[PDB]
>>> print(open('upload-v4.pdb').read())   # PDB, C-alpha atoms and all ligand atoms
ATOM      1  CA  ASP A 152      90.511 201.663 138.203
ATOM      2  CA  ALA A 153      93.456 199.683 139.537
ATOM      3  CA  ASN A 154      93.035 196.239 141.165
ATOM      4  CA  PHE A 155      90.516 195.715 138.340
ATOM      5  CA  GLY A 156      91.664 194.615 134.902
ATOM      6  CA  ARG A 157      88.923 196.623 133.195
ATOM      7  CA  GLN A 158      86.781 199.753 133.428
ATOM      8  CA  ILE A 159      84.320 199.862 136.331
ATOM      9  CA  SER A 160      81.909 202.331 137.925
ATOM     10  CA  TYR A 161      81.019 202.726 141.602
ATOM     11  CA  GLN A 162      77.972 204.851 140.730
ATOM     12  CA  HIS A 163      75.579 201.895 140.378
ATOM     13  CA  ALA A 164      75.374 198.133 139.828
ATOM     14  CA  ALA A 165      75.293 196.279 136.515
ATOM     15  CA  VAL A 166      72.674 193.691 135.565
ATOM     16  CA  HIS A 167      73.418 190.658 133.394
ATOM     17  CA  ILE A 168      70.459 188.939 131.720
ATOM     18  CA  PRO A 169      71.098 185.725 129.744
ATOM     19  CA  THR A 170      70.288 185.712 126.045
ATOM     20  CA  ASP A 171      67.588 183.040 126.357
ATOM     21  CA  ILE A 172      65.815 185.125 129.034
ATOM     22  CA  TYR A 173      63.684 188.002 127.755
ATOM     23  CA  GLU A 174      64.170 191.277 129.609
ATOM     24  CA  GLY A 175      60.980 193.249 130.132
ATOM     25  CA  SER A 176      58.786 190.310 131.129
ATOM     26  CA  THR A 177      56.632 190.344 134.254
ATOM     27  CA  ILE A 178      58.935 187.928 136.096
ATOM     28  CA  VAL A 179      62.130 189.804 135.215
ATOM     29  CA  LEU A 180      60.785 193.325 135.776
ATOM     30  CA  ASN A 181      59.422 192.432 139.214
ATOM     31  CA  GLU A 182      62.768 190.813 140.038
ATOM     32  CA  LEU A 183      64.458 193.910 138.582
ATOM     33  CA  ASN A 184      62.558 196.366 140.810
ATOM     34  CA  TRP A 185      63.064 195.041 144.344
ATOM     35  CA  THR A 186      66.722 194.258 143.584
ATOM     36  CA  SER A 187      67.383 197.985 143.095
ATOM     37  CA  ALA A 188      67.622 198.297 146.891
ATOM     38  CA  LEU A 189      70.687 196.026 146.818
ATOM     39  CA  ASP A 190      72.752 198.920 145.434
ATOM     40  CA  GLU A 191      72.660 200.774 148.763
ATOM     41  CA  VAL A 192      74.235 197.807 150.557
ATOM     42  CA  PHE A 193      76.664 197.317 147.659
ATOM     43  CA  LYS A 194      78.049 200.830 148.165
ATOM     44  CA  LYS A 195      77.959 200.521 151.962
ATOM     45  CA  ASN A 196      79.999 197.306 151.810
ATOM     46  CA  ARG A 197      82.755 198.955 149.762
ATOM     47  CA  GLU A 198      82.893 201.971 152.090
ATOM     48  CA  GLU A 199      83.997 199.819 155.031
ATOM     49  CA  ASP A 200      86.389 197.682 152.934
ATOM     50  CA  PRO A 201      87.764 199.522 149.875
ATOM     51  CA  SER A 202      89.746 196.424 148.823
ATOM     52  CA  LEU A 203      86.558 194.557 147.926
ATOM     53  CA  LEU A 204      86.055 192.548 144.737
ATOM     54  CA  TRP A 205      82.829 191.703 142.876
ATOM     55  CA  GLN A 206      79.677 191.366 144.968
ATOM     56  CA  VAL A 207      77.011 189.509 142.994
ATOM     57  CA  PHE A 208      73.389 188.532 143.626
ATOM     58  CA  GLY A 209      72.449 185.563 141.469
ATOM     59  CA  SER A 210      68.673 185.529 141.136
ATOM     60  CA  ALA A 211      66.711 182.329 140.659
ATOM     61  CA  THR A 212      65.000 184.251 137.852
ATOM     62  CA  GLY A 213      68.271 184.122 135.914
ATOM     63  CA  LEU A 214      69.627 187.661 136.057
ATOM     64  CA  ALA A 215      72.742 188.509 138.069
ATOM     65  CA  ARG A 216      73.201 191.987 139.551
ATOM     66  CA  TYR A 217      76.825 192.684 140.470
ATOM     67  CA  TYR A 218      78.789 195.638 141.840
ATOM     68  CA  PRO A 219      80.650 197.693 140.747
ATOM     69  CA  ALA A 220      79.081 198.132 137.305
ATOM     70  CA  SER A 221      81.318 196.961 134.464
ATOM     71  CA  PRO A 222      80.589 196.077 130.819
ATOM     72  CA  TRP A 223      80.229 192.364 130.191
ATOM     73  CA  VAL A 224      82.935 190.365 128.434
ATOM     74  CA  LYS A 232      81.329 185.611 120.159
ATOM     75  CA  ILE A 233      77.957 184.873 121.744
ATOM     76  CA  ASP A 234      77.324 184.741 125.492
ATOM     77  CA  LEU A 235      76.144 181.502 127.122
ATOM     78  CA  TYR A 236      76.610 182.675 130.714
ATOM     79  CA  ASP A 237      73.879 181.624 133.146
ATOM     80  CA  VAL A 238      74.318 182.539 136.803
ATOM     81  CA  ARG A 239      72.326 179.465 137.870
ATOM     82  CA  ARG A 240      74.964 177.089 136.444
ATOM     83  CA  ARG A 241      77.949 178.722 138.150
ATOM     84  CA  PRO A 242      79.756 176.591 140.763
ATOM     85  CA  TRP A 243      79.177 179.135 143.540
ATOM     86  CA  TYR A 244      75.436 179.298 142.846
ATOM     87  CA  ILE A 245      75.009 175.514 142.742
ATOM     88  CA  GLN A 246      76.910 174.935 145.991
ATOM     89  CA  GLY A 247      74.570 177.318 147.820
ATOM     90  CA  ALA A 248      71.305 176.229 146.230
ATOM     91  CA  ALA A 249      71.478 172.795 147.878
ATOM     92  CA  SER A 250      73.608 170.476 149.990
ATOM     93  CA  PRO A 251      75.916 167.852 148.406
TER      94      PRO A 251
ATOM     95  CA  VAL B1010      30.168 176.013  74.880
ATOM     96  CA  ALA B1011      31.970 173.389  76.969
ATOM     97  CA  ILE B1012      32.314 175.955  79.765
ATOM     98  CA  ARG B1013      28.600 176.797  79.654
ATOM     99  CA  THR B1014      27.375 173.204  79.984
ATOM    100  CA  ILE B1015      29.779 172.495  82.853
ATOM    101  CA  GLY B1016      28.559 175.169  85.287
ATOM    102  CA  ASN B1017      26.168 172.927  87.212
ATOM    103  CA  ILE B1018      29.137 170.860  88.407
ATOM    104  CA  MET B1019      31.212 173.953  89.216
ATOM    105  CA  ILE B1020      28.413 175.340  91.396
ATOM    106  CA  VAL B1021      28.121 172.140  93.442
ATOM    107  CA  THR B1022      31.894 171.824  93.831
ATOM    108  CA  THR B1023      32.208 175.468  94.905
ATOM    109  CA  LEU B1024      29.362 175.101  97.408
ATOM    110  CA  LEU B1025      30.893 171.968  98.934
ATOM    111  CA  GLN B1026      34.324 173.606  99.095
ATOM    112  CA  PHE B1027      32.783 176.646 100.814
ATOM    113  CA  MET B1028      31.069 174.408 103.380
ATOM    114  CA  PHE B1029      34.336 172.560 104.004
ATOM    115  CA  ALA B1030      36.082 175.923 104.386
ATOM    116  CA  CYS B1031      33.503 176.946 106.995
ATOM    117  CA  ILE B1032      34.033 173.668 108.871
ATOM    118  CA  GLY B1033      37.798 174.171 108.737
ATOM    119  CA  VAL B1034      37.360 177.703 110.064
ATOM    120  CA  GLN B1035      35.331 176.331 112.970
ATOM    121  CA  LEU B1036      38.006 173.686 113.598
ATOM    122  CA  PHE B1037      41.423 175.356 113.185
ATOM    123  CA  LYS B1038      40.594 179.035 113.799
ATOM    124  CA  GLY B1039      43.889 180.592 114.853
ATOM    125  CA  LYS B1040      45.382 177.279 116.008
ATOM    126  CA  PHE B1041      48.194 177.238 113.420
ATOM    127  CA  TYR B1042      50.406 179.788 115.198
ATOM    128  CA  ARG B1043      53.850 178.736 116.392
ATOM    129  CA  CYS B1044      57.030 180.286 117.749
ATOM    130  CA  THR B1045      60.391 180.444 115.995
ATOM    131  CA  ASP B1046      61.905 178.085 118.584
ATOM    132  CA  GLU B1047      60.008 174.951 119.575
ATOM    133  CA  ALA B1048      60.134 175.785 123.291
ATOM    134  CA  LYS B1049      57.705 178.705 123.787
ATOM    135  CA  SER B1050      54.048 177.686 123.573
ATOM    136  CA  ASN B1051      52.316 181.087 123.749
ATOM    137  CA  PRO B1052      52.981 184.620 122.447
ATOM    138  CA  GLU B1053      53.479 185.951 125.986
ATOM    139  CA  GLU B1054      56.865 184.204 126.228
ATOM    140  CA  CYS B1055      57.740 184.030 122.504
ATOM    141  CA  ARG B1056      59.629 187.318 122.744
ATOM    142  CA  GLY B1057      63.249 188.407 122.741
ATOM    143  CA  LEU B1058      66.296 186.486 121.580
ATOM    144  CA  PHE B1059      67.058 182.780 121.778
ATOM    145  CA  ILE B1060      69.994 180.485 121.064
ATOM    146  CA  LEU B1061      69.617 178.320 117.955
ATOM    147  CA  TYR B1062      71.770 175.241 117.349
ATOM    148  CA  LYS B1063      72.588 174.849 113.661
ATOM    149  CA  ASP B1064      71.808 171.379 112.260
ATOM    150  CA  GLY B1065      71.148 170.168 115.811
ATOM    151  CA  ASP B1066      74.811 170.370 116.843
ATOM    152  CA  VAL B1067      75.358 171.562 120.409
ATOM    153  CA  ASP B1068      78.824 172.981 119.630
ATOM    154  CA  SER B1069      77.566 175.422 116.947
ATOM    155  CA  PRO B1070      75.141 177.883 118.564
ATOM    156  CA  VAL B1071      73.852 181.118 117.060
ATOM    157  CA  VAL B1072      71.612 183.875 118.416
ATOM    158  CA  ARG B1073      68.264 184.298 116.662
ATOM    159  CA  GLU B1074      65.108 186.311 117.237
ATOM    160  CA  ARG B1075      61.927 184.427 118.133
ATOM    161  CA  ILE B1076      58.717 185.593 116.446
ATOM    162  CA  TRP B1077      55.172 184.365 117.032
ATOM    163  CA  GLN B1078      54.537 183.432 113.401
ATOM    164  CA  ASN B1079      51.444 182.173 111.589
ATOM    165  CA  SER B1080      51.102 179.538 108.892
ATOM    166  CA  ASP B1081      51.097 180.759 105.301
ATOM    167  CA  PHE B1082      47.961 178.696 104.574
ATOM    168  CA  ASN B1083      45.752 178.969 107.662
ATOM    169  CA  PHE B1084      42.036 178.826 108.481
ATOM    170  CA  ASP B1085      41.775 182.204 110.212
ATOM    171  CA  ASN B1086      38.836 183.393 108.087
ATOM    172  CA  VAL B1087      36.663 181.955 105.330
ATOM    173  CA  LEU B1088      38.787 183.207 102.420
ATOM    174  CA  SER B1089      41.987 181.810 103.940
ATOM    175  CA  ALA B1090      40.249 178.467 104.477
ATOM    176  CA  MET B1091      39.082 178.437 100.851
ATOM    177  CA  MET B1092      42.611 179.154  99.617
ATOM    178  CA  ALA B1093      44.132 176.466 101.854
ATOM    179  CA  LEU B1094      41.548 173.904 100.751
ATOM    180  CA  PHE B1095      42.181 174.809  97.104
ATOM    181  CA  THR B1096      45.905 174.212  97.600
ATOM    182  CA  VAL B1097      45.030 170.893  99.257
ATOM    183  CA  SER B1098      42.732 169.945  96.365
ATOM    184  CA  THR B1099      45.613 170.571  93.965
ATOM    185  CA  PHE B1100      47.552 167.888  95.918
ATOM    186  CA  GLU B1101      50.391 170.340  96.599
ATOM    187  CA  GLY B1102      51.769 170.757 100.102
ATOM    188  CA  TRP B1103      48.763 168.967 101.588
ATOM    189  CA  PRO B1104      50.808 166.678 103.909
ATOM    190  CA  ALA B1105      52.347 169.791 105.473
TER     191      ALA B1105
HETATM  192  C1  LIG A1201      59.278 199.213 142.750
HETATM  193  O1  LIG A1201      58.734 200.066 141.769
HETATM  194  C2  LIG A1201      57.891 201.086 142.324
HETATM  195  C3  LIG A1201      57.336 201.866 141.155
HETATM  196  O2  LIG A1201      58.333 202.689 140.566
HETATM  197  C4  LIG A1201      58.663 201.966 143.312
HETATM  198  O3  LIG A1201      57.701 202.738 144.022
HETATM  199  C5  LIG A1201      57.865 204.159 143.876
HETATM  200  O4  LIG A1201      58.969 204.670 144.624
HETATM  201  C6  LIG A1201      59.130 206.094 144.537
HETATM  202  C7  LIG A1201      60.404 206.436 145.275
HETATM  203  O5  LIG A1201      60.175 206.573 146.670
HETATM  204  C8  LIG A1201      57.901 206.787 145.116
HETATM  205  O6  LIG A1201      58.053 208.199 145.009
HETATM  206  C9  LIG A1201      57.686 208.837 146.254
HETATM  207  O7  LIG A1201      57.204 207.899 147.206
HETATM  208  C10 LIG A1201      57.001 208.494 148.493
HETATM  209  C11 LIG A1201      56.576 207.383 149.426
HETATM  210  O8  LIG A1201      55.184 207.442 149.706
HETATM  211  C12 LIG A1201      55.971 209.616 148.390
HETATM  212  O9  LIG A1201      56.566 210.836 148.821
HETATM  213  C13 LIG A1201      55.451 209.766 146.963
HETATM  214  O10 LIG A1201      54.617 208.663 146.630
HETATM  215  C14 LIG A1201      56.595 209.866 145.948
HETATM  216  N1  LIG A1201      57.139 211.214 145.923
HETATM  217  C15 LIG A1201      57.020 212.035 144.873
HETATM  218  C16 LIG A1201      56.276 211.490 143.690
HETATM  219  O11 LIG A1201      57.489 213.169 144.879
HETATM  220  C17 LIG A1201      56.654 206.336 144.369
HETATM  221  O12 LIG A1201      55.489 206.878 144.981
HETATM  222  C18 LIG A1201      56.558 204.807 144.368
HETATM  223  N2  LIG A1201      55.364 204.331 143.668
HETATM  224  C19 LIG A1201      55.033 204.463 142.366
HETATM  225  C20 LIG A1201      55.994 205.195 141.464
HETATM  226  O13 LIG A1201      53.984 204.000 141.931
HETATM  227  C21 LIG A1201      59.447 201.136 144.324
HETATM  228  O14 LIG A1201      60.360 201.969 145.031
HETATM  229  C22 LIG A1201      60.215 200.006 143.643
HETATM  230  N3  LIG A1201      60.845 199.149 144.635
HETATM  231  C23 LIG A1201      62.131 199.258 144.981
HETATM  232  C24 LIG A1201      62.613 198.298 146.026
HETATM  233  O15 LIG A1201      62.874 200.091 144.472
END
>>> encode(input="upload-v4.pdb", output="structure tokens", more="lines below")
Ligand SMILES: *[C@@H]1O[C@H](CO)[C@@H](O[C@@H]2O[C@H](CO)[C@@H](O[C@@H]3O[C@H](CO)[C@@H](O)[C@H](O)[C@H]3NC(C)=O)[C@H](O)[C@H]2NC(C)=O)[C@H](O)[C@H]1NC(C)=O
Amino acid sequence: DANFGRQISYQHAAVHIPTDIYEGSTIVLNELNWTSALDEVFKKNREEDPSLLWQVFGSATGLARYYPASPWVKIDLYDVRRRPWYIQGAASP
Amino acid sequence: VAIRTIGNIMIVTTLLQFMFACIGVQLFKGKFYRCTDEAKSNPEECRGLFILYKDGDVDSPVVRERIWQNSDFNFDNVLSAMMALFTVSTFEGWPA
């Protein structure tokens, strides 16, 4: 797709889980079930505005579910809870 | 002949070592388990992958699997306790 420097997919949303966080635990799986309803709004948002970039939900669990789905970028040390946009919204200055 | 006369001492030593093995079983039964990384304190969260820092340096990380491992010389049952106490009595690896 153009306006995207990589391969994407509007069919669903991708989930990023940090290496230190085990996928398939009770905390993650419960967080990974109710977040599946975010995909409907993800597609609805793009329908109104086709020129829309990444929409991401950074969970306090640790996993980030973003749309559209796209394969992730050595080892990966990415944690959504340390990103500047997550920290600025978690608390006031 | 020297072996035959000794046996009274061997019997007492074996009995005392068996009693000490039973006491060690009562004490450290299954308590010697540990995870591959010193951050998970139970098998329920000692699963998946984790980031290991080689030689303690923060700038050299590497991905490793974490396994809920058990000590080689444990006190899980009576025979294991007897073997561990024998290795201790030989003064080898007893500080560990
Ligand atoms: C969290 O996980 C739950 C377990 O998978 C999901 O619950 C399941 O959702 C299915 C999709 O609707 C349900 O299937 C149908 O549900 C309707 C609603 O009552 C009924 O017609 C039937 O139960 C069923 N239809 C069939 C089988 O033809 C499951 O019943 C339902 N429960 C299960 C599988 O135990 C949740 O949807 C999920 N949460 C989110 C936000 O996705």
>>> closest_atom_pairs(input="upload-v4.pdb", of="chain A", to="ligand LIG 1201 (chain A)", cutoff="6 Å", atoms="only C-alpha atoms and all ligand atoms", output="Markdown table")
| residue | atom | partner | partner_atom | distance |
| --- | --- | --- | --- | --- |
| A:184 | CA | A:LIG1201 | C1 | 4.8 |
| A:185 | CA | A:LIG1201 | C24 | 3.7 |
| A:187 | CA | A:LIG1201 | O15 | 5.2 |
| A:188 | CA | A:LIG1201 | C24 | 5.1 |
>>> closest_atom_pairs(input="upload-v4.pdb", of="stretch 1010-1054 of chain B", to="stretch 1065-1088 of chain B", cutoff="6 Å", atoms="only C-alpha atoms", output="CSV")
residue,atom,partner,partner_atom,distance
B:1034,CA,B:1084,CA,5.1
B:1037,CA,B:1084,CA,5.9
B:1038,CA,B:1085,CA,4.9
B:1039,CA,B:1085,CA,5.3
B:1041,CA,B:1080,CA,5.9
B:1042,CA,B:1079,CA,4.4
B:1043,CA,B:1078,CA,5.6
B:1044,CA,B:1077,CA,4.5
B:1045,CA,B:1075,CA,4.8
B:1052,CA,B:1077,CA,5.8
>>> atom_distance(input="upload-v4.pdb", atom1="atom CA of residue A:192", atom2="atom CA of residue A:164")
10.8 Å
>>> atom_distance(input="upload-v4.pdb", atom1="atom CA of residue A:211", atom2="atom CA of residue A:241")
12.1 Å
>>> atom_distance(input="upload-v4.pdb", atom1="atom CA of residue A:169", atom2="atom CA of residue A:197")
26.7 Å
>>> resolve_selection(input="upload-v4.pdb", expression="the PyMOL selection byres ((chain A and not hetatm) within 10 of (chain B))", output="PyMOL selection string")
chain A and resi 169-177+232-235
>>> resolve_selection(input="upload-v4.pdb", expression="the PyMOL selection byres (((chain B and resi 1027-1030) around 9) and not hetatm)", output="list in words")
residues 1022, 1023, 1024, 1025, 1026, 1031, 1032, 1033, 1034, 1035, 1084, 1086, 1087, 1088, 1089, 1090, 1091, 1092, 1093 and 1094 of chain B
>>> write_last_selection(input="upload-v4.pdb", atoms="C-alpha atoms", output="mmCIF file, keeping the file's coordinate frame")
data_model
loop_
_atom_site.group_PDB
_atom_site.id
_atom_site.type_symbol
_atom_site.label_atom_id
_atom_site.label_comp_id
_atom_site.auth_asym_id
_atom_site.auth_seq_id
_atom_site.Cartn_x
_atom_site.Cartn_y
_atom_site.Cartn_z
ATOM 1 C CA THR B 1022 31.894 171.824 93.831
ATOM 2 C CA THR B 1023 32.208 175.468 94.905
ATOM 3 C CA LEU B 1024 29.362 175.101 97.408
ATOM 4 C CA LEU B 1025 30.893 171.968 98.934
ATOM 5 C CA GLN B 1026 34.324 173.606 99.095
ATOM 6 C CA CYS B 1031 33.503 176.946 106.995
ATOM 7 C CA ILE B 1032 34.033 173.668 108.871
ATOM 8 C CA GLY B 1033 37.798 174.171 108.737
ATOM 9 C CA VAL B 1034 37.360 177.703 110.064
ATOM 10 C CA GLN B 1035 35.331 176.331 112.970
ATOM 11 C CA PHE B 1084 42.036 178.826 108.481
ATOM 12 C CA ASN B 1086 38.836 183.393 108.087
ATOM 13 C CA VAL B 1087 36.663 181.955 105.330
ATOM 14 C CA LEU B 1088 38.787 183.207 102.420
ATOM 15 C CA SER B 1089 41.987 181.810 103.940
ATOM 16 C CA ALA B 1090 40.249 178.467 104.477
ATOM 17 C CA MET B 1091 39.082 178.437 100.851
ATOM 18 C CA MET B 1092 42.611 179.154 99.617
ATOM 19 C CA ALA B 1093 44.132 176.466 101.854
ATOM 20 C CA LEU B 1094 41.548 173.904 100.751
#
>>> closest_residue(input="upload-v4.pdb", among="A:248, A:168, A:178, A:153", to="residue A:216", atoms="all atoms listed in the file")
A:168
>>> resolve_selection(input="upload-v4.pdb", expression="the PyMOL selection byres (((chain A and resi 207) around 12) and not hetatm)", output="list in words")
residues 164, 165, 166, 167, 186, 189, 190, 192, 193, 203, 204, 205, 206, 208, 209, 210, 214, 215, 216, 217, 218, 219, 220, 238, 241, 243 and 244 of chain A
>>> closest_residue(input="upload-v4.pdb", among="A:201, A:213, A:242, A:247", to="residue A:182", atoms="only C-alpha atoms")
A:213
